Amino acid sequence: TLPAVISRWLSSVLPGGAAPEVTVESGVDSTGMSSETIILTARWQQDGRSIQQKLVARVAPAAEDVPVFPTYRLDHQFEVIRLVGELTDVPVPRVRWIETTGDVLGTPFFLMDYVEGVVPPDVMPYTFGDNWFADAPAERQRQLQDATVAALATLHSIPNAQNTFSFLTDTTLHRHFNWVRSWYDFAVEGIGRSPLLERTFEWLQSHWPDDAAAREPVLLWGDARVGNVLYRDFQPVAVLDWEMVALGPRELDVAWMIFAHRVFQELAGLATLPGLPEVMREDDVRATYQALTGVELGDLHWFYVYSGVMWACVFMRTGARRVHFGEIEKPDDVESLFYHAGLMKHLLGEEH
């Protein structure tokens, strides 16, 4: 049915007699969980020869699926990826079709071209070693890191960001912050409350980063991390996963990228592995970013704490879905799911 639909759209844009056939390459992750990103193969005839194209569909989840997010705007993700392609040389996939109604499949989706390359893995976290990124030479890992920071810098350098990306919206942080509170509330409905998150929201309110929030907002990638970039030869070839795209202070993206790797360092520590301590260090990342944009970054501390709430929110949703599908037993304290609770307790104990 996803394939039938793409086959149909294919029939409308290719020569008559193309007779396209679409099948699914990959509709689940490596743990057999159904995926929002679906890799498709399209085969057709042209001038008596076979053409074969891979296509990637991003589909909006149904309620029955236990969605991470309270709402979905794939149309926004579509337009941002398209605009990023038009206005920068940040590598992104070419977008092909958006169906915004949900009348065709049941739910909205968009279609992208396939980009070949490798991604530093989430399963197992790349900090666990035994993958192409963890096993590369220091120098090559650092070359990847700096290219990824450079892609970020380039996205943050797009002029008149709030004009160009206005469909995305006090300030942009205030608004982003109320969205995060909505997401938490959404997650509560599925797993129960976290006294830690609640105290953290009070903390974030009462220690607002005024200067950062009063500067000019930039386009924020969102889930800005190496696991959302396809790479060929340690250089980015597609920036993926724009579902948390927003307008906001540039610190959010930079903090997220650093913190993300911290979460995986922590996971590696708990599997008693050494991980990758020289990758994505705050000092290295700040220096590169600052060298490239000539822009001084605010203290990231508040934005680490904030990324920690957002990560906790993902874990609460991961948790709801795992218990819904019987795959794990409800933990009795939801905070047991937060690998990084320790990290956050220590950040909250700091004074900046």
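Residue positions are given as counts along the sequence shown, with the first one as 1.
The deposited sequence places 4 to 9 unmodelled residues between residue 169 and residue 170. When the mean C-alpha temperature factors of 300-308 and 24-32 are read from the deposited coordinates, 24-32 comes out higher. Just going by the entry, 100-108 versus 222-230 on mean CA temperature factor gives the higher value to 100-108.
Of the candidates 251, 79, 241, 135, the one whose C-alpha carries the top B factor in the deposited record is 135. For the set 320, 57, 51, 314, the maximum C-alpha B-factor listed in the entry falls on 320. For residue 205, the recorded CA B-factor ranks within the middle third of the chain. Only modelled residues enter the ranking. When the modelled residues of the chain are ordered by their C-alpha B factor, residue 180 lands in the lowest third.
Compared with the other modelled residues of the chain, the Cα B-factor recorded for residue 127 ranks in the lowest third. Ranked against the other modelled residues of its chain, the C-alpha B-factor of residue 41 as given in the entry falls in the lowest third. Per the PDB record, residue ranking by Cα B-factor puts residue 186 in the middle third of the chain.
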